[PDB]
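Numbering (the authors' numbering), first residue to last: 94 to 129, 139 to 279, 322 to 499.
Have a look at this one:
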């Protein structure tokens, strides 16, 4: 366990992989809305988003029996074909298959393997390393739209589709390198509502923030620092009591989601956003270290796969829930007063029975 050092190569590989994957996933927004029953577009987008997590449990066996490297390069090749293919005509079913199925399965193959073998070489500063990887992913992703838009040179749809395969090619070159889950999914149920709330509140009355180097950075600045410091704190805390980290994160996240009185004012809004980004880091990133401490390196792959599979459905359900409840219970304020109730539920049994 060289605990980093020469393993900073591994960390850089993880940063590039996990950043680019979700960068192109977010770019799907540009894809299906500008480069694309018209609702088939939304259905295909939802299918693509789900396929990422859905097949991760199956990807787990591939990873275990082939080494992270083989699965990573295979998924890289699949995606490389994917976002370049559909070079045929705009046929409905042809495009559907080519983009959706291939992109989803390849991304599901390529995402998970970046989170298995790291522990075998990282033992003492693994939490800090995970925080660093999360920060790198955040910074790379938030600029990913800027980079693609800038060096895309305003080229047509097909050529842009083909170009976006360059990141996957570079990834392929770089690729040579239950109660717990129930509660964590319960937390995920409420995780995403405050994200939409903050984004819309920032955009509404503070439209002067428009630049890609600023707007997405408005949340990224908190995201990276919070993720890194949370990883360091987790590496500091010994044992499974780290669970208390996400316990506190759930409490604070619910409180902030409830903090309507002060979210409406910019002065308190800045601090609330910083806290929410801290909590995002505490929640999203701590999962892998917690699973490692819970089950050991041998089972980490299956554990993370199972957790991601469970989280899949709530993740896709989030934005639909927000949209439906925006006007369901009179007003969204009352409809989402309870936004912290789900994490409150998740913050109950996490001491009586850890496993």
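The beta-carbon is built from N, C-alpha and C at its ideal position, and this holds for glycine as well.
Between the segment 188-204 and the segment 145-161 there are three or more C-beta pairs closer than 8 Å, enough to call the two in contact.
At the C-beta level, residue 216 and residue 107 come within 8 Å of one another. Judged by DSSP secondary structure, residue 274 falls within the alpha helix (DSSP H) whose first and last residues are 267-276. Spanning the alpha carbons of residue 336 and residue 398 requires a straight line of approximately 11 Å. DSSP places residue 347 in the uninterrupted alpha helix (DSSP H) bounded by 337-349. Residue ranges of uninterrupted alpha helix (DSSP H) with 4 or more members, entirely inside the segment 228-267 and ordered along the chain, are 228-253 and 259-265. Annotation for residue 483: 334, 337 and 401 place their beta carbon closer than 6 Å to its own, counting only its chain and skipping 5 residues before and after. Boundaries of the alpha helix (DSSP H) harbouring residue 103: 101-123, taken from the DSSP string.
Residue environment: residue 214 is assigned as buried (16 or more neighbouring CB atoms within 10 Å of its CB, all protein chains considered). The beta carbons of residue 185 and residue 205 sit about 6 Å from each other, so the pair counts as a contact at 8 Å. Judged by DSSP in its simplified three-state form, residue 322 adopts coil rather than helix or strand.
Assigned with DSSP and collapsed to three states, residue 471 falls in coil, not helix or strand. The beta carbon of residue 183 sits closer than 7 Å to the beta carbons of 204 from its chain, once the five residues preceding and following it are set aside; these are given in chain order. Taking 8 Å as the cut-off, the Cβ atoms of residue 252 and residue 360 do not count as close. Counting only residues of its own chain and dropping the five nearest sequence neighbours on each side, residue 226 has a CB closer than 6 Å to the CB of 96. In the DSSP assignment, residue 482 falls outside any alpha helix (DSSP H) and carries neither an H nor an E. The DSSP-derived three-state label of residue 458 is helix. Listed in chain order, the non-local C-beta contacts of residue 196 below 8 Å within the same chain comprise 188 and 190, local neighbours out to five positions each way being set aside. In its chain, beyond the 5 residues on either side, 324, 384, 447, 498 and 499 have a beta carbon closer than 8 Å to the beta carbon of residue 438. Assignment of residue 357 by DSSP, reduced to helix, strand and coil, places it in the coil class. Excluding its 5 nearest sequence neighbours in each direction, residue 125 has C-beta neighbours in its own chain below 6 Å: 143 and 147, listed in chain order. Counting along the chain, no alpha helix (DSSP H) covers residue 225, and no H or E run does either.
Contact fails between the segment 251-265 and the segment 165-180, because fewer than three Cβ pairs, one in each stretch, are under 8 Å apart.
When only Cα atoms are considered, residue 432 and residue 444 end up about 8 Å apart.
Per the C-alpha coordinates, the member of 342, 110 and 270 positioned closest to residue 239 is 110.
With respect to the 8 Å criterion, residue 328 and residue 418 are not classified as neighbours on the basis of their beta carbons. Nearest neighbour of residue 233 by Cα position, chosen from 170, 426, 440 and 118, turns out to be 426. In this structure, 330 is the residue among 472, 330 and 345 with its C-alpha nearest to the C-alpha of residue 492. Residue 442 sits exposed, since fewer than 16 C-beta atoms from the chains shown fall within 10 Å of its C-beta. The residue among 105, 466, 246 and 395 with its C-alpha nearest the C-alpha of residue 344 is 466. Counting along the chain, residue 415 sits inside the alpha helix (DSSP H) bounded by residues 410-428. With 16 or more other Cβ atoms from the protein chains shown falling within 10 Å of its own Cβ, residue 424 counts as buried.
The beta carbon of residue 381 sits closer than 6 Å to no other beta carbon from its chain once the five residues preceding and following it are set aside.
If only complete runs of 4 or more residues are kept, the segment 146-231 shows the alpha helix (DSSP H) at 158-186, 194-197, 204-213 and 220-223, in order along the chain. Rounded to whole angstroms, the separation of the alpha carbons of residue 254 and residue 489 is 46 Å. Annotation for residue 391: the continuous alpha helix (DSSP H) segment containing it runs 387-402.
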